[PDB]
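As structure tokens, one chain now follows by itself in the form deposited in one PDB entry.
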């Protein structure tokens, strides 16, 4: 039973629409038997869509499991709607949170990075790459725990897939090496480490470096040989350990960039007192105001 030939409403009560976009529509839902809350992401099928083309991605969702990545519970197909059942994270993304609370403290950031590195260490051990580590893809549940998410299978099916294929010119005239890039090859898992460094600056300053610079110009600057990796803006606000964490994750050459396991030994994420309590404090601020 790769995908359930069942209406998910037979098993779940939809409670609330949490959001919707190109990634699909996401609902808060309650298991009818256990009473557990879940998130249901629904993707609308096109007339030509073929769910069998998702077989290998579904196998990965079934076999990859870790506390720090959003838990996959199953998939349903019914009346041209594809549903993915996932762990529920009631506080949304860290981007959703800091847009209300303001910048996180160093210790909150240190806790987040540790939890993200644990997830990434597992993914990399399974020879997978996240590819899109950022505040918007790090979810927080009401217990203060941290879970990696992604854009999701919506990019592999539905109207989003159709829009992407139109953009690349379809694949029929495409050379093999181009096809490899279109499936997001050409680089390795250490890109996630750099992305985590940028995310730590994002949690500290409310935007990644150069966010006020045109994206094309950033691309131009990033690939010049003289490019200087970014740094935290305010020096005295952050400890040497935090500055050094930014220094070593944002290593330009991938051959010299530390792995997720090596980073988990870093002073910043190895220090005592990192626990979900730090995020419970943030969630109180989010719900009730600073005072």
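Basically, rigid core = biggest C-alpha set you can superpose within 1.5 Å across the two forms. Residue numbers count along the first chain shown, from 1.
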Out of 217-225 and 200-208, which one has CA B-factors that are higher on average in the deposited record? 217-225
So, looking at the entry's B-factor column for Cα atoms, which has the higher mean, 184-192 or 79-87? 184-192
Going by the deposited entry, which of 71, 139, 153, 113 has the highest CA temperature factor? 153
Selection from 179, 94, 133, 143 [criterion: highest C-alpha temperature factor in the record]: 179
Which third of the chain holds residue 169 when residues are ordered by C-alpha B factor: lowest, middle or highest? highest
By the record's CA B-factor, is residue 60 among the lowest, middle or highest third of residues in the chain? highest
Split the chain's modelled residues into thirds by Cα B-factor; is residue 159 in the lowest, middle or highest one? highest
Pull the Cα B-factor of residue 265 out of the PDB entry and bin it into the chain's lowest, middle or highest third. middle
If you rank every modelled residue in this chain by C-alpha B factor, which third holds residue 34: lowest, middle or highest? highest
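Keep in mind the form deposited in another entry is missing from the figure; the text below concerns it.
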Taking only shifts of 2 Å or more in Cα after a rigid core superposition between this form and the one not shown, tell me which of 143, 100, 221, 168 qualifies. 168
Under a superposition restricted to the rigid core, does residue 65 display a Cα displacement of 2 angstroms or more between this form and the one not shown? no
C-alpha of residue 153 off by 2 Å or more between this form and the one not shown on rigid core: yes
Post core alignment: residue 206 C-alpha displaced by 2 Å or more between this form and the one not shown: no
Closer or farther: how do the Cα atoms of residue 149 and residue 181 compare in the other form versus the shown form, where the change is at least 3 Å? farther
Change in CA distance between residue 131 and residue 52 in the other form, which is 3 Å or more, as closer or farther: closer
